[PDB]
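For reference, the structure is listed below as structure tokens.
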Ligand SMILES: [Zn+2]
Ligand SMILES: [Zn+2]
Ligand SMILES: [Zn+2]
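Residue numbers (the UniProt record's numbering), protein chains in the order written: chain A, 281 to 336; chain B, 1 to 66, 83 to 97; chain C, 2 to 227; chain D, 335 to 556; chain E, 169 to 188, 197 to 224; chain F, 1 to 171; chain G, 220 to 274; chain H, 9 to 139.
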């Protein structure tokens, strides 16, 4: 709305895509993970679903 | 339309206009910023040199008659040129 | 030159003077005067800031008023910065203006439609809407007041519906002011509009300054099938 | 008269050619507005009487009004042998639609019947009326004698000739859709130049249409 | 039009056109518009 | 309005009524929760036809309760309102919001926004009612209402009526 | 002078956001700058237009 | 005006789907949209300035002749000739009596047109149609 260069728009949409992806799946190959304040990785949806102690 | 066009002369932008109704006809180049105005009298023109469509840089050369004078003109559009 | 070109220039000038601020008028008149312009040309002619032209170019691109061309050329110093050329696509601009004015008047007609119904009932403690259809089942046995399901509060009457004449007057005041647009599109639709591009706009350019960093000559490339 | 004119204006707005009888026009007129045949058959006389009794000095803005009275008297009095053609286009090449309404004579005998009944003997004579028996059928009258004389000559005074192909044996024609063909233009041009080179005093040249004439003269001049 | 070669870079998709190469980032709204332009039988054949 | 329809009901018969005459118990339980019951699917089910033979299927024992789920198929007269249908009625109650008119099993509300402006409410008179310059609307008075719209829940149907259309009102 | 010419719809002025100071002046070749009310300007900026092919 | 509906102000270029609808009573130019707007709730007064006669939504129709006064003439003709259905056979071939009857009915149609003596002519029409 307030105007930005295309570098800023691309960076903002990449940040939004990264936030959505790490909300859906933190464990992405070749991609940094989302980290908490305590230093542990963010327990995402896929981590809460896959593995032994998932929902299933 | 055909008689007037934006041009670059001596790496200086301007407008070429044809003062045809006056006798003799003149080619008046007018500076966009108002720095210098130059009129070419067409009674002492010897040769014209043009560039084809295959050339990337398109450029016009005017050679006068008596050391001959050389005027060296850049147009930014093919149809206008 | 072409009277239709003067007409569509009047279209663009009037719509930017009406529905846009003064700086938008400045940049649009700059593009209308000098047919092809780059970012340094705007910064030289208008003394405008990049952060100031940011929202302007963004709004004029979102409204499809200014077309952007991403051509880079080869200067003698070879510092080929990715200059963007701002020009106008006349059929795209008039189609965008026509679509915007048609959507504005259709949305106003829909607002008039949604104002045509009776008032309804509001609950101000919970700030909840209630239409006449859904307030039927919330009455008491005392048959006195509309009681809410949550707040159990005496409902109040909405002020909507009585503003039907106000919205009609808004339509009247929009329609006579947009009358030059309709009268001009009557002449436009009865005429033929040529599809211009960057190459077409290069035929009618006006020099913005003496020394332009961006070269206006088109450089063709092999392998581009955009 | 005003509601008759407005009915005609309503009948003008159409997108397809309507061909209809006067009886159907009168029936549709009566169904759409209460106008009978009998006042229409006296409309022109009433308009003439009204214009006379008013003593209006200038009648130019009434002039086209006379046409309506003429229409009001034509299509009302006759019911057989005439037609009404309503065309959304007067000319096909116009961008804007210009509708026209043509009340049309189809029976050529209805105008000439009072001549043959009022007069006892007529002598129809034309220089080039052929065939002779077409006219007693096309015009409802009988002839006591028909004959076309053969002119007697010591030498052949006139030389009728028919040209079917040009100089290069290419077939020539004057059909309207082939007026743009270069080859028949070549043949007509070479023919006319050669005859004009040989003709002593003066030519008369007859073309089938004026638009065809305009096209062929423009192509000859180019 | 010639179909460019599309490859993944992290969380985005980029495309390189055939040189007769121009590589550019494919925007997500372009892919959304392309998917909206896909007819019913096209993704029915694809199994969607 | 009134229709004759074919309906099916899933009745959860308790094991306590598993006697030799359980068909009579099932029929009584069917007519307990059908007569006068309101359903948004089929309108107000009022009465049940064809009492001599009612198609009762084989009842399903529930996997955790032991009760028998019977699928009883019956034929019944229903009153399902539709918007755009004009019905007569009698006013049962009135208020400054409007009046409730009873048509069949349904209390259709005509609101104060849906009568012509001549009708005005008064509470000083007994009963508090509506009066105009030509007619009055009181309790237990004949009137004709047009159903502008109806809302159907799982177990309740409420309709909104109007008298603004001409040739309506008291007969 | 620039202030009274601005309200006459004769020239266009570039003014700072901090204070109404005239800096650059262009010719107002178009119509009046206040032909459309502000609520209708908000109505125009709220609405959005579709892409190229849908029109 | 000729092109635009003066009530909703909509033009033909903007809204090509508007249609010519007119009140038979007071004869004001309006579109179908405004008819669906104001008279759908109920009867109301005419939205033009200076006109407040009551009019109904179902009475609305389209003007064939496209001129207001000619529509007035033809609708009074329809309103009168429904009961004024005498022909030459009803007068048993008397041409002069039928001509005077035509003159009288044209005179009363003209009087209902201009409204100069509308009261007694309307009363005469009611007493004639009662028979
Ligand atoms: Zn509340
Ligand atoms: Zn309207
Ligand atoms: Zn009126």
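Ideal Cβ positions, reconstructed from N, Cα and C, are used throughout, including at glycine.
Problem set entry | Under the three-state DSSP convention, the category residue 53 of chain H falls into | In this structure, residue 53 of chain H counts as strand in the three-state DSSP scheme.
Exercise. How close, in whole Å, do the beta carbons of residue 183 of chain C and residue 21 of chain H come, if the pair is a contact with beta carbons under 8 Å?
Worked result: 6 Å
Exercise. Under the criterion of a Cβ to heavy atom distance below 7 Å, does residue 18 of chain H qualify as lining ligand 2?
Worked result: Yes, the Cβ of residue 18 of chain H comes within 7 Å of a heavy atom of ligand 2.
Exercise. Of all Cβ atoms in chain G, is any one closer than 8 Å to the Cβ of residue 97 of chain C?
Worked result: So, interface residue.
Problem set entry | Which listed residue (D:423, D:426 and D:438) has its alpha carbon closest to that of residue 414 of chain D | Measuring from the Cα of residue 414 of chain D, the nearest candidate turns out to be D:438.
For this session: Use the C-beta contact count for residue 249 of chain G: other C-beta atoms within 10 angstroms, 16 or more gives buried, fewer gives exposed.
Result: It is buried - the Cβ of residue 249 of chain G has at least 16 other Cβ atoms within 10 Å.
For this session: Tell me whether residue 36 of chain H counts as near ligand 3, meaning its Cβ is closer than 7 Å to at least one heavy atom of that ligand.
Result: yes
For this session: Would you give the residue range spanned by the alpha helix (DSSP H) that residue 516 of chain D belongs to?
Result: 516-532
Exercise. Would the C-beta of residue 59 of chain H count as close to ligand 2, meaning under 7 Å from any of its heavy atoms?
Worked result: no
Exercise. Within 10 angstroms of its Cβ, does residue 71 of chain H collect 16 or more other Cβ (buried), or is it exposed?
Worked result: buried
For this session: Report all residues for which the CB-ligand distance to some heavy atom of ligand 1 is below 7 Å; order them along the chain.
Result: C:124, C:125, C:126, C:127, C:128, C:129, C:149, C:151, C:152 and C:154
For this session: Identify each residue in the stretch 91-118 of chain C for which the Cβ-Cβ distance to at least one residue of chain H is less than 7 Å, and report them in chain order.
Result: 103, 106 and 117
For this session: Apply the 10 Å Cβ neighbour rule to residue 410 of chain D and answer buried if 16 or more other Cβ atoms are within range, or exposed otherwise.
Result: So residue 410 of chain D counts as buried.
For this session: Output the boundary residues of the alpha helix (DSSP H) element that contains residue 94 of chain C.
Result: 91-116
Exercise. Between the C-alpha atoms of residue 161 of chain F and residue 93 of chain F, what's the straight-line distance to the nearest angstrom?
Worked result: 14 Å
For this session: Give me the Cα-Cα distance between residue 226 of chain G and residue 11 of chain C, rounded to the nearest whole angstrom.
Result: If I take the Cα positions, the gap works out to 20 Å.
Problem set entry | Near-chain D residues of the stretch 78-97 of chain H (beta-carbon distance less than 7 Å), N- to C-terminal order | 78, 81, 82, 85 and 89
Exercise. What residues from the stretch 32-57 of chain C come within 9 Å of chain A, judged by C-beta to C-beta, listed N to C?
Worked result: 51, 52, 53, 54, 55, 56 and 57
Problem set entry | Strand pairing of residue 5 of chain F, partner residues [DSSP] | F:76
Exercise. In this structure, what does DSSP give as the bridge partners for residue 416 of chain D?
Worked result: D:439
Problem set entry | Per-residue contacts from residue 178 of chain C into chain G (C-beta, under 9 Å) | Those within 9 Å of residue 178 of chain C in chain G are 254, 255, 256 and 259.
Exercise. Along the chain, where does the beta strand (DSSP E) that runs through residue 301 of chain A open and close?
Worked result: Note, residue 301 of chain A: premise wrong, no beta strand (DSSP E); alpha helix (DSSP H) at 286-304.
For this session: May I ask which residues mark the beginning and end of the alpha helix (DSSP H) holding residue 15 of chain C?
Result: 4-20
For this session: Check whether the Cβ atoms of residue 179 of chain E and residue 313 of chain A lie closer than 8 Å to each other.
Result: no
For this session: Give a yes or no on whether the C-beta atoms belonging to residue 45 of chain B and residue 64 of chain B are separated by under 8 Å.
Result: Closer than 8 Å, so yes.
For this session: Could you tell me the distance, in whole angstroms, from the CA atom of residue 7 of chain F to the CA atom of residue 41 of chain F?
Result: 10 Å
For this session: Answer yes or no: do residue 49 of chain B and residue 61 of chain B have a C-beta to C-beta separation smaller than 8 Å?
Result: yes
Exercise. Between D:541, D:421, D:369 and D:388, which lies nearest to residue 510 of chain D when the distance is taken from Cα to Cα?
Worked result: Ranking D:541, D:421, D:369 and D:388 by Cα distance to residue 510 of chain D puts D:541 first.
For this session: Could you name the residues that DSSP lists as bridge partners for residue 169 of chain E?
Result: None; residue 169 of chain E has no bridge partner.
For this session: Can you grab the Cα-Cα spacing for the pair residue 120 of chain F / residue 168 of chain C, in whole Å?
Result: Spanning the two alpha carbons is a distance of roughly 29 Å.
For this session: Quick one: grab the DSSP three-state call for residue 53 of chain B.
Result: Coil.
Exercise. If you follow the beta strand (DSSP E) that residue 86 of chain C is part of, which residue opens it and which one closes it?
Worked result: 86-88
Exercise. Beta-carbon of residue 12 of chain C versus every beta-carbon of chain H: anything under 8 Å?
Worked result: no
For this session: Check the Cβ of residue 229 of chain C against every Cβ in chain H and list those closer than 9 Å, keeping chain order.
Result: The structure shown does not extend to residue 229 of chain C, since chain C spans only 2 to 227, so no value can be given for it.
Exercise. What number of angstroms, rounded off, separates the C-alpha of residue 54 of chain C from the C-alpha of residue 101 of chain C?
Worked result: 22 Å
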